[PDB]
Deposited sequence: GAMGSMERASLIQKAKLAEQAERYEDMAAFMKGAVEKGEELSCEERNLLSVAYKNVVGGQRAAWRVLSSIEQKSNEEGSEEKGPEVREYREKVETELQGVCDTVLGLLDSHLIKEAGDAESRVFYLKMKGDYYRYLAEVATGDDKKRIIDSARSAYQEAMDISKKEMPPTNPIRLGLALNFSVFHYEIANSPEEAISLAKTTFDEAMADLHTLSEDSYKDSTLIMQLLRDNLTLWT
């Protein structure tokens, strides 16, 4: 639907939609920008991620409320949970489709390729949260994406790089919540935290603030898990 709008206007409107907390609009603007076929800048990648994370985050929260009601239990609660589930799956498939056509294959720099592979892992993870039918193949798809991202990140990025940190955080969550691997989750969070800590001395004040924020999330998880 956004084929007639200029790329720059789509990006401008995504920023306006963010300010207005209109995340569905923001996602549609960024989908349109991606479909222009040009690579995305760092800022643009972040706009894409914020938009879809907010959309799917609302869906996931609703799904969890409905699934809890359904667990406690006519066909209505199941029907509605299924409706929300299908809508969530659709959003995940849309994101995965953008990554596959053709953001990942055009991403050569480590910052972009890791970013997109992390996103791929995240959206398969969300699919895994609701899967019951090929749960295993979905889980393996998430794992593979996260693993490729981690292999690049460890080769190409310092241990304090925020995308490297956020990837490791989310892969640890994948292990704990999806793969039933809490020890792997804790290991990963601890090693990531400690290697980042040892590299903080290299950073500026601003970079330090960025890295330590994400480190605190790793710590929050380790506190919950141990």
| item | value |
| --- | --- |
| Deposited positions without coordinates, collected into consecutive stretches in sequence order | 1, 75 to 82, 143 |
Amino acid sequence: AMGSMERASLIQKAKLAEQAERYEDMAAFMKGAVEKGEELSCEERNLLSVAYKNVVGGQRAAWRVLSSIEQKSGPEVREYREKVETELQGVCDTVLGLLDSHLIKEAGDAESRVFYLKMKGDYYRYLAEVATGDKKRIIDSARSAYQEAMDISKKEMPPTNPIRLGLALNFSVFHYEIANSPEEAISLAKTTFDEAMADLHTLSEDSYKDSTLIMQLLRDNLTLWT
From here on, numbers count along this sequence of modelled residues.
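For clarity, a rigid core is taken as the largest C-alpha set superposing within 1.5 Å between two forms.
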query	finding
Core-fitted comparison in 9 other deposited structures of this protein, 200 to 208 vs 11 to 19, farther C-alphas	200 to 208
Segment of higher mean CA temperature factor, 135 to 143 or 85 to 93	135 to 143
Stretch with the greater mean C-alpha B-factor as recorded in the entry, comparing 148 to 156 against 114 to 122	148 to 156
Third of chain Cα B-factors occupied by residue 44	lowest
Relative C-alpha B-factor of residue 26, binned into the chain's lowest, middle or highest third	lowest
Modelled-residue ranking by C-alpha temperature factor, third containing residue 207	highest
Lowest, middle or highest third - CA B-factor, residue 34	lowest
Third of the chain, ranked by Cα B-factor, where residue 213 sits	highest
